[PDB]
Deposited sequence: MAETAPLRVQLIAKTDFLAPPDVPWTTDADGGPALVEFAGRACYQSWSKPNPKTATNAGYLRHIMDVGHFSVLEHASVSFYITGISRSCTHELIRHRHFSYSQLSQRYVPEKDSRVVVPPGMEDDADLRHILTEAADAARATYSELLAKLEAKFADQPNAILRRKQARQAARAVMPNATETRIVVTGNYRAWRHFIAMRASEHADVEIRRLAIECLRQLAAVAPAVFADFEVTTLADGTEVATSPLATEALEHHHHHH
């Protein structure tokens, strides 16, 4: 079995143009966003970065968020969870090839509780791999064949993925997938991205707050989204 890991692997380096009479108390993506917004009116003379970013989002000028981007390397995510994930446009993805073969399985969050459920699951995964080898043997009598014999692998099979999005795309991913209407695995992932995103871009994600349900899981909601 494999646990969810979300690692932040890239963010924006910001290099302020020396000839613009403007400065700010921020660096990186948060600084770039303010610069871009101010560029629209050449308003170089909401006087803190935080307050400027707060204002931008109140006034609904969200396109300025698109200039700054963040990438994560995500492991311990199920095939079915990634299928939901890649439905989002305005992200770029690089995913582990289906042709690749180590059985690593991701336990659904509702089942992580239980030894019997967990055992039923890994057993089923072992049975699938056994079938995979049987299908491959008879089939090859070659590289595409390998991919095609993975017809038998379960939804819970682990995959790994590099995801990159601008701040605007991340905020929409979190608004959609960290709600009660989303399944628990992608919601779990969405809350973990938000956590890491707030560490690098607090001002950008300040409007999201996390509510821990009685049900046990966490949800994220914003008045702007």
**Item:** Deposited residues without C-alpha coordinates, grouped into stretches that follow sequence order
**Value:** 1-3, 49-53, 111-113, 153-163, 248-258
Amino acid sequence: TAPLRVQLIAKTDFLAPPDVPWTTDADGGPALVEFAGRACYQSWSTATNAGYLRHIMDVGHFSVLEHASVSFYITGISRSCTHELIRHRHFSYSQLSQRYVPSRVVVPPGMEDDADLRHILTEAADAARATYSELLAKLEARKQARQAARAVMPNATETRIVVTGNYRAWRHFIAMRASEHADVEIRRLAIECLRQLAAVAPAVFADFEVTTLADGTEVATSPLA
From here on, numbers count along this sequence of modelled residues.
**Message:** Quick check on the record: does 65-73 or 188-196 carry the larger mean Cα temperature factor?
**Reply:** 188-196
**Item:** Stretch with the greater mean C-alpha B-factor as recorded in the entry, comparing 166-174 against 24-32
**Value:** 24-32
**Asked** Based on what the PDB entry reports, which of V101, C81, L96, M153 has the top C-alpha B-factor?
**Response** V101
**Identity of residue with top Cα B-factor, from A130, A115, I86, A124** = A115
**Request:** Consider only the C-alpha atoms of the modelled residues in this chain, order them by B-factor as the entry records it, and name the third containing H181: lowest, middle or highest.
**Result:** highest
**Request:** Please rank the C-alpha B-factors of the chain's modelled residues and tell me whether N49 sits in the lowest, middle or highest third.
**Result:** middle
**Request:** Select lowest, middle or highest to describe the third in which the CA B-factor of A214 falls within its chain in this entry.
**Result:** highest
**Item:** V6 CA temperature factor, ranked by third within the chain
**Value:** lowest
**Prompt:** By its CA B factor, does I161 count among the lowest, middle or highest third of the modelled residues in the chain?
**Reply:** lowest
